[PDB]
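Form deposited in one PDB entry, single chain, as structure tokens, below.
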């Protein structure tokens, strides 16, 4: 077993464009990098306040073969994505959320890469 973490992915529009605000369980804006020690899951819940019909389509990595995150799971409605760590690979990785929208056929990327860390 391990730890199940939950983060909410709030998306609003400012000047026509997406803004991503991450909140934890206690409705605090999330500060800094995710440090993982146990194996486990990080579940991201989409709160789309854009009116652009956003859905998760996956989570993107520049270094996808680094083994830090072992798998990604996604719900059929695109409202949840999970990062899965099965084997506790040490190191650091960075990722961006990838979303579809209903206004156009471009995919949407979260701008600031999220960092996950295992000491």
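We call the rigid core the largest set of C-alpha positions that still match within 1.5 Å between the two forms. Positions refer to the first chain, counted from 1.
FYI, the form deposited in another entry isn't displayed, but the following is about it.
Residue shifts between the shown form and the other one, rigid core superposed: of 38, 76, 49, 31, the only C-alpha displaced by 2 Å or more belongs to 31. A decrease of at least 3 Å in the separation of the C-alpha atoms of residue 32 and residue 81 is found in that other deposited form, compared with the displayed form.
Compared with the form shown, the residue 32-residue 107 C-alpha separation decreases in that other deposited form, the change being 3 Å or greater.
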